[PDB]
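Asker: Following this: a sequence and the matching experimental structure.
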Amino acid sequence: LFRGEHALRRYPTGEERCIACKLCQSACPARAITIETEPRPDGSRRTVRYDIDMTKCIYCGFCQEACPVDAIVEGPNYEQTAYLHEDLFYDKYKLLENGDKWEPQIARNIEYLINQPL
Amino acid sequence: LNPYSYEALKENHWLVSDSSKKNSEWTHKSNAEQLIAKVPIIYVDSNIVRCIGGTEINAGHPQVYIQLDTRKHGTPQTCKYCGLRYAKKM
Amino acid sequence: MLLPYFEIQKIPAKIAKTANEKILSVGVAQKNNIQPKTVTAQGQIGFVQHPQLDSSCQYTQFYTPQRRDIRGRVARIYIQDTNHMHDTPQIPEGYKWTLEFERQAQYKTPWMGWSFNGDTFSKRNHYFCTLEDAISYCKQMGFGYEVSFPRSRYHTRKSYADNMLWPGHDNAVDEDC
Amino acid sequence: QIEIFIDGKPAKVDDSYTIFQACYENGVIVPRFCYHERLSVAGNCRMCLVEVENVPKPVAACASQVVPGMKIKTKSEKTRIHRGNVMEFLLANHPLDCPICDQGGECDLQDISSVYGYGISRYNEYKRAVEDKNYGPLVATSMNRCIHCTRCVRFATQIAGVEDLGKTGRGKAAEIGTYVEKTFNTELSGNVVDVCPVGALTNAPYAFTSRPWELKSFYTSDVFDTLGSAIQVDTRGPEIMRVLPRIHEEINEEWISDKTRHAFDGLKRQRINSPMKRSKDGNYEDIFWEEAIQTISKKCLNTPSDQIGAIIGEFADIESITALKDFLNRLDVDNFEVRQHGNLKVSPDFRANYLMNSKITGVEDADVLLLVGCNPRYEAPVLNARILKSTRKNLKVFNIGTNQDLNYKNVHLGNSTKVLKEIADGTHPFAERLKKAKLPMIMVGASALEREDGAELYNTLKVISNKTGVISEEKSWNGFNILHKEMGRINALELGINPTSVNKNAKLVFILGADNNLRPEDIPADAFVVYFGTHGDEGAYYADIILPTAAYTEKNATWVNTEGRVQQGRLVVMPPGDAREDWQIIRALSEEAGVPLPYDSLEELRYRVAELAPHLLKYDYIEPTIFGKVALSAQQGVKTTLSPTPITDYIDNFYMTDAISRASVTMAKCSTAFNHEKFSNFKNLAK
Amino acid sequence: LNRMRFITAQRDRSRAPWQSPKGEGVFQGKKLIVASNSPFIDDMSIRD
Amino acid sequence: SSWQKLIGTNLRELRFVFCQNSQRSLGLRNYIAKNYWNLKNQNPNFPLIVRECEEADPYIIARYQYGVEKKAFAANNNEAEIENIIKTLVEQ
Amino acid sequence: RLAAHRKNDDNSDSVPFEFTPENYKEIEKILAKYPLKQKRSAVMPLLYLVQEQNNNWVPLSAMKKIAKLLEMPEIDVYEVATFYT
Amino acid sequence: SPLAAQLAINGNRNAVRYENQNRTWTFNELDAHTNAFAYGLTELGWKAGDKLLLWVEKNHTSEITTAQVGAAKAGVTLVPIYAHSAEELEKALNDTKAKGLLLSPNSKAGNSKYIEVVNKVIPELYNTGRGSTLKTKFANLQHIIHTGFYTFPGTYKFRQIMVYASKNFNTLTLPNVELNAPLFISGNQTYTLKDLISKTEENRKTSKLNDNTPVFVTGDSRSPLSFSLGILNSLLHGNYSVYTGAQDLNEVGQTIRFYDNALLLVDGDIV
Ligand code: SF4
Ligand code: SF4
Ligand code: SF4
Ligand code: SF4
Ligand code: FES
Ligand SMILES: [Zn+2]
């Protein structure tokens, strides 16, 4: 359950889970999430902007609880110390690569958490 | 075919299309369109298919039901959560 | 509450003091003549009134050494009902008057494309139960006001029997072609 | 007048009320999905079921009249059970689509479920699935969400006047929509979205972009058509996100046209953001405000008075025209037109000369309407809907000019001006048809008055009105109406500018944002042109100097309706880049030219306006006039000779009629999708 | 180093500037003649 | 009578602002309702602007070359004095 | 059955339909059975006539012809022909 | 009038189908539309003997057929022309002395559209005032009617010359259809209504037609043979006419496979 560094997930096919529902944006107590959406040319609704100010975030996990497709998560990583204030301005590239790097551990933890109610 | 032509717009939900699908790594900051296009069509025996985007509930997306009995026989349909496409078998 | 003091309802006449307004004294007199004498929730004609920076505007806290732009502004007072998208909201609207201030600067800072307000004031709206309350607040804080009055849907006769009416005799000839 | 009881509190209502109407008037809110305050009563859904004593079955509040002495218990447990059961049945087959549904955050299904439903489900079977239909680039369909509420069918039949929607099938497998693959092409089409309570029909341009809770709303009025439609603008930061209709009951009722709703996205592109200057070879360079104003001031000081001219644009407000008129009067200039043809032949001497004297609601009051060169389907779709409603209630429509596919029945009196001459000279049955009518009404389109014989047509119309009884003191009725095409022309007429005063040869032209009806031959090849504007489609290519201005949503201005109503357009977002207000630019130029104007803020400019015309200070109001018969008196010995030329309209493409709409993407999509299908050389004889 | 492409797009989301004519152009009196910038096709002027 | 036959080359516009029903604007209202077409026929091009408001004061505003205006108060003035006021206004 | 028009090459708008003269006499008799202002009431009988003369099925063109004949919108003919199995 | 024969009995039958426009008309609809065209011409002071040039492409089948029947009703003489340059159009206008010219603006002629050629031939059209009559170098030229979508100064749209006259409040009149009135000048030969009717019946006898065989007219429908075996044949006898102008033989065959013993005409020539 540890709440660490945020990441954006994918389906096993490689498709983005996030459908730009903006529930995570309104769930944020710190107003750290900014989202902008346009219809992707194939027709699916995806974010053209999804960024989180990590200097505003309080690491509360309200956004990962609000997500209905388990797209945004808080990973296990805590060694995210930065030398510049601009290194903590997380855009979609950073969250996507964080998800693509930390996917096995996040998947294992989420698998156990899902099986807990069952 | 011209993506701004009447036919191309009409058969693309009135949006300007992109056959190369390589505009989305800049506009949408990812290559998910290419990856989902790499997945072929799933052919289902019945007239309706149920998608949850995974093997179990809560691992994927909420249960959705897609009609495969179309006005034109065998027209594939796309899940609106995951990009998987389904069609009625023959 | 929406439907409920004379001085709050009284609209003072303009007195020209600037050289430009001394030039247009006839226009000031005409505006004093044609504008409504008193303001009530039953009015139909909207109007704009200048701020009254007399002794009555002493209760404002927005006149600081760093801020000389808030006092003297003109607000907008109107009722904002539920929009045309839904009929039964869980929090309904239209039960109060809204006082609103127009935006003063809005842009996008370029490092992350982040929306920024050049004026921290006027970000949120102010809500009052009665129009008299909003006007009294404006008079206290040295604000002018643009008052506009609500428009409501008319009452109409509805019945299911209207769906099934006799077309009339087959011999009704229309001489209008 | 009968006494009923609602939750124990006695109340007095009228015997013609329904239970829903009585409850709403007494402050009691009853959930509903299919009832609408303007459509016919349907009882298909059952969410408005209430509990009444001595009546075993629950009674539908919306579709049941009140009974003297009855008691309505909306807070009993039985009512809660009824609402829970109905909500359960409604949500049994609803798809799990809220995250992807554009109705989320403003869905009546969501709020009603949260407030009145049981709060949890027990249905554990497959839901029905419906294939989506294509209705065009304005309406997006997700038909799994439909609850078969019939609101769209009733709106299309009774308000839009089109008969393309219906319900085909039976039972649970029935489907709402067209039987064949057909677009929902019509004006007022997008309105159906606002009628549908679920995300079944959604605003296709407004797809996935925004959510209800992240928007700020402003009240303002539209300028795309000469009806000042009351609208609500929803924005997020510096970006305007959508436009919705409001309630006025004297303008547009509840509805707006598609151009009003969607052509606002033409303000996001082709914008002029800084002052510019053009070289001889045609190169454009960005310059400072000071340099541009100094150049224009030198030109003004050097140019003779008789060589100075102006053009008044389509989107010109009262303040801008007041500023320009005062400045050019200071420069001893009294000509405000350089164009040879296309001028309105109406005197601005009286307000009744050029206004809609019977107001917008007059179509409900009249029994005979006569259109002269007017096409309401394109020039005022909401007024067209009002006329359709009135024709359903014994209103007869006759038309002189091009036959149009209005959604109601009209009688074609003719095509050319010979019909008007026959009517004016008598020996035509329509003269007696007008005489026997209780309240005759004539609507002449403004376009027919820019004909080379516009004055003669005006005199003929005045003669016809006075002879038949369109204007009469005995009936206290003034049926003469003019349907304008530009807001700026209305404002210029209200201020008192003669539209027929044209400078034949001008060497210095101020174009105050005019792009329509502009041809290179109108402007001399050796003139100096200063164009004040927001878009770069036309006029900006004639200009030696270009000054960026503010759009209608970017300034606090006053607009006069086509019926004479004075309205406030309010600032929603500041103009982009280095643009400035029109009157501020003119005042700065006047100061730099040695003839400063006696006003420094909007208040002093409005004081000057009050000096000119006090009625412009009364907002959302129409000032009555007592000079109708004097203004429209049939003068003796005036020319009434009409050219034997057919009277036509001025609109070809509905979706693109001005610079803002021409610079719109959704307007281009609508053109591409609908212009070929809507074009016909023959009358639809069905209607 | 490619910061301008992101800034320009964000600016153009709500206010795209009009591209002014550059260099020598063609004149018809005082009007300057250029080709239209609309990517959409005016099909009703080519249809028949 | 000769004054109204021709409008002087310095006069540019005659604007009348008054009330619809107030007794103050009674004289100017009646004068406009009787002598408008007499002036308009002799000067078919000269503007004669008439605007009325609910409580506006009666004014006869004369505009000259180079934007010079001369506004005259015309309250409680009968036909003869309205005639004289307009004659003097169009005389300078 | 599907409550919509399936795309069929042999059931398009280009497919012709025309009532026979005997069917026209039957049509005038049926219209005589009903009031002058209620011609639409004859939608159900006329449909049978189509189903009589076109191999026991009703094409889309026949439904459009019926709508034109009865001065009623095509959508109402669609609803009537789809409601009844 | 002979042209109203099918109106007398069973006017609810389908008279003509325009495949290129997906348009089907009954006899009542065709009669009403042609009456509207005739009334619109009459209102503009068109009498017997006036000439109306036709410069229209194949895709405007309904416009051409309505114009032909309306010219028959109104007594004006129809004269089709085939120009591909400004010089040809000027020669046609000089030779015919036509009062009007009905055209399709978007049609191509060399490198320029029809409307561009018309403006080149008549430079007075551009500067013509709104609502004013034409002042051209051609004596009798008064009307330039086009079938297009947009508005061009000096010209009028096709829909703006249609007067759907009412039962009452109608102050116009339509002259009786004369059998000897000229109706067609193509290839320096004159054609009246009587000659066209005789050609219709002769071709019916030779090609073995009756009141049951549909007739498929493809390509250019301005030819007198196409008129005789199409709309004129339908009005005289009740045959079904199908106009498929500007469609290749594959689409024509796909349409004609639904019909039995259809007689096919290509560009006025029996195939
Ligand atoms: S909460 Fe989840 S699905 Fe919604 S906008 Fe955020 S990441 Fe996307
Ligand atoms: S963990 Fe909490 S504070 Fe941080 S982004 Fe998520 S919702 Fe906001
Ligand atoms: S219409 Fe949309 S937001 Fe509304 S409850 Fe249904 S799916 Fe959810
Ligand atoms: S698509 Fe929507 S508005 Fe239309 S009937 Fe269905 S539920 Fe009602
Ligand atoms: S709201 Fe009363 S039955 Fe639908
Ligand atoms: Zn899925």
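Answerer: Right, received. Where do you want to start? Residues are numbered from 1 along each chain as shown, chains lettered A, B, ... in the order given. Ligands and ions are numbered 1, 2, ... in the order given.
Asker: so which residue of chain H comes closest to chain C?
Answerer: residue H:166 (3.9 Å; CB to the nearest CB). Quick note: C-beta positions are derived from backbone N, CA and C, even for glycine.
Asker: was I right about that residue contacting residue D:412?
Answerer: Yes - between residue H:166 and residue D:412 a contact is recorded at 6.4 Å, counting by CB atoms under 8 Å.
Asker: OK, contacts around the residue of chain H closest to chain C?
Answerer: C:177, D:411, D:412, D:413 (CB atoms under 8 Å, 6 or more residues apart in numbering or on different chains).
Asker: part of a strand, is it?
Answerer: No - assessed with DSSP: H, G, I helix; E, B strand; the rest coil, residue H:166 is coil; it does not lie in a strand.
Asker: tell me which parts of chain G are close to chain H?
Answerer: Residues of chain G lying close to chain H by CB under 8 Å from any CB of the partner chain are G:13, G:14, G:15, G:16, G:18, G:19, G:21, G:24, G:64, G:65, G:68, G:69.
Asker: Filter these down to just the ones in helices.
Answerer: Those of the residues of chain G next to chain H mapping onto helices are G:21, G:24, G:64, G:65, G:68, G:69, per DSSP state H.
Asker: Up against ligand 2, what does chain A have?
Answerer: Contacts of chain A with ligand 2, taken as CB under 6 Å from any ligand atom, map to A:27-30, A:32-33, A:52, A:57-63.
Asker: Relative to residue D:398, how far out is the residue of chain H closest to chain C?
Answerer: 9 Å (CB to CB, to the nearest Å).
Asker: Overlap in contacts, the two.
Answerer: D:411, D:412, D:413.
Asker: can you pull the contacts of the second one?
Answerer: I take that to be residue D:412. Residue D:412 sits in contact with D:398, D:399, D:403, H:163, H:164, H:165, H:166, where contact means CB under 8 Å, 6+ apart.
Asker: before we move on, what SS does it have?
Answerer: Residue D:412 is classified as strand under three-state DSSP.
Asker: same question, residue D:209
Answerer: coil.
Asker: Tell me if I'm right that it and residue A:38 touch.
Answerer: Yes - using CB under 8 Å, residue D:209 makes contact with residue A:38 at a distance of 6.7 Å.
Asker: ok, the longest strand seen in chain F: who's next to it in the sheet?
Answerer: Taking DSSP state E as the assignment, the strand of chain F that covers the most residues is strand F:11-19. Here strand F:11-19 is paired, per DSSP bridges, with strand F:48-53 (parallel), strand F:59-64 (antiparallel).
Asker: Tell me which of the ones you listed is the most buried.
Answerer: strand F:48-53 (a mean of 23; mean count of other CB atoms under 10 Å in any protein chain shown).
Asker: Spit out the contact partners of residue 82.
Answerer: All of this is about chain A. So residue A:82 contacts residue A:88 (CB under 8 Å, 6+ apart).
Asker: The intended chain is chain H.
Answerer: Neighbour list for residue H:82: residue H:55 [criterion: CB under 8 Å, 6+ apart].
Asker: repeat that for 10 Å
Answerer: H:54, H:55, H:88, H:92, H:109, H:186, H:187, H:220, H:222 (CB atoms under 10 Å, 6 or more residues apart in numbering or on different chains).
Asker: same check, this time on residue B:51
Answerer: Per CB under 10 Å, 6+ apart, neighbours of residue B:51: B:42, B:60-66, B:78-82, B:84, B:86.
Asker: Recalculate using a threshold of 7 Å.
Answerer: If you count contacts by CB atoms under 7 Å, 6 or more residues apart in numbering or on different chains, residue B:51 has them with B:64, B:66, B:79, B:82, B:84.
Asker: Near the closest residue to residue D:360 other than its chain neighbours, how many residues? Count them for me, please.
Answerer: Of all residues not flanking residue D:360 in the chain, residue D:563 sits nearest, at 5.4 Å (CB to CB, 6 or more residues apart in numbering or on different chains). Residues lying near residue D:563 (other CB atoms under 10 Å in any protein chain shown) number 25.
Asker: Any residues of the stretch 151-271 of chain H in contact with ligand 6? List them.
Answerer: Taking CB under 5 Å from the ion, no part of the stretch 151-271 of chain H reaches ligand 6.
Asker: what's the helix or strand for the residue in the stretch 151-271 of chain H positioned nearest to chain E?
Answerer: Nearest residue of the stretch 151-271 of chain H to chain E, counting by CB to the nearest CB: residue H:246, 8.6 Å away. If you go by DSSP states H and E, residue H:246 is not part of any helix or strand.
Asker: Also residue D:285?
Answerer: strand D:284-286.
Asker: ok now that strand, how far from the chain's centre?
Answerer: For strand D:284-286, the separation from the chain centroid amounts to 37 Å (computed by CA atoms, centre = their mean, to the nearest Å).
Asker: just stretch A:66-75 next, same as before
Answerer: 6 Å.
Asker: Tell me if that stretch is near ligand 3.
Answerer: No - judged by CB under 6 Å from any ligand atom, stretch A:66-75 stays clear of ligand 3, getting no closer than 11.6 Å.
Asker: Is that stretch positioned near ligand 1?
Answerer: Yes - using CB under 6 Å from any ligand atom, a contact is recorded between stretch A:66-75 and ligand 1, made by A:66, A:67, A:69, A:71, A:72.
Asker: how about the residues of chain A that lie near chain B?
Answerer: Selection of chain A residues close to chain B by CB under 7 Å from any CB of the partner chain yields A:11, A:13-16, A:19, A:39-44, A:46, A:48, A:68-69, A:92-93, A:96, A:114.
Asker: In helices only, show me those residues.
Answerer: Among those, the ones falling in helices (DSSP H) are A:92, A:93, A:96, A:114.
Asker: What strand or helix carries the residue lying closest to the first one once chain neighbours are set aside?
Answerer: The reference is to residue A:92. Nearest residue to residue A:92, sequence neighbours excluded (CB to CB, 6+ apart): residue B:29, at 4.0 Å. Counting by DSSP H and E, no helix or strand carries residue B:29.
Asker: For ligand 6, what's the nearest residue on chain E?
Answerer: residue E:13 (30.3 Å; CB to the ion).
Asker: count of residues packed around that residue?
Answerer: If we define neighbours as other CB under 10 Å, then residue E:13 has 17 of them.
Asker: tell me the contacts of it?
Answerer: Taking CB under 7 Å, 6+ apart as the test, what residue E:13 contacts is residue D:239.
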